[PDB]
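In what follows, a single structure is set out as structure tokens and then discussed.
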Amino acid sequence: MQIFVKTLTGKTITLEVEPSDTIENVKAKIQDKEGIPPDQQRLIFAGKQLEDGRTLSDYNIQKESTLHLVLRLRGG
Amino acid sequence: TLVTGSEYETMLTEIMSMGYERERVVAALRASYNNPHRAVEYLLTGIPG
Numbered sequence: 001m002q003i004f005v006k007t008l009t010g011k012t013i014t015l016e017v018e019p020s021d022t023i024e025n026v027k028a029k030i031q032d033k034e035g036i037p038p039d040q041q042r043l044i045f046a047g048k049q050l051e052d053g054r055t056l057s058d059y060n061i062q063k064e065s066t067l068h069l070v071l072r073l074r075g076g
Numbered sequence: 156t157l158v159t160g161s162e163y164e165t166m167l168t169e170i171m172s173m174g175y176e177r178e179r180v181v182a183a184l185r186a187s188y189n190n191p192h193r194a195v196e197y198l199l200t201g202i203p204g
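Which chain is which? The protein sequence lines are A and B, in order. Numbering follows the deposited numbering, in which position 47 of the first sequence is assigned residue number 47; successive positions increment by one, without gaps. Numbering follows the deposited numbering, in which position 16 of the second sequence is assigned residue number 171; successive positions increment by one, without gaps.
Next up, the structure:
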């Protein structure tokens, strides 16, 4: 299923995932395609911060949903 | 090149969609120095005062 990840710079990335994928997996796909280290990623959906060991189905994320990506960092 | 106000309400609106009313983020701007991203990272850490 396709999902959208909206970043704070107005870039939206599309990912192909399965509801059975874990949040850790999603973060690895984002690293693979945009290069952001998983440790800097904070994923938000329906006002909840997503936890690494849960799956997308745990949160009821359906096709064409948009997650928000906030970056955690102490540098530029 | 944009005025202070404009970008201001634009911070709100962005961080807004992020479940952060214009007031929490704008006040977060008062606490972020006018920054948006920091405004929300602020929305996070909390809203002391």
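From the three backbone atoms N, C-alpha and C, an ideal C-beta is built for every residue, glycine too.
Taking 8 Å as the threshold, the shortest C-beta distance from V70/A to chain B falls below it.
According to the DSSP assignment, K27/A belongs to the alpha helix (DSSP H) that extends over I23 to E34. Any Cβ of chain B closer than 8 Å to the Cβ of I44/A would place that residue at the interface, and such an atom is present. Residues of chain A with a Cβ closer than 9 Å to the Cβ of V195/B are, in chain order, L8 and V70. Of the residues assessed, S161/B falls on the exposed side of the cut-off, its CB having fewer than 16 other CB atoms within 10 angstroms.
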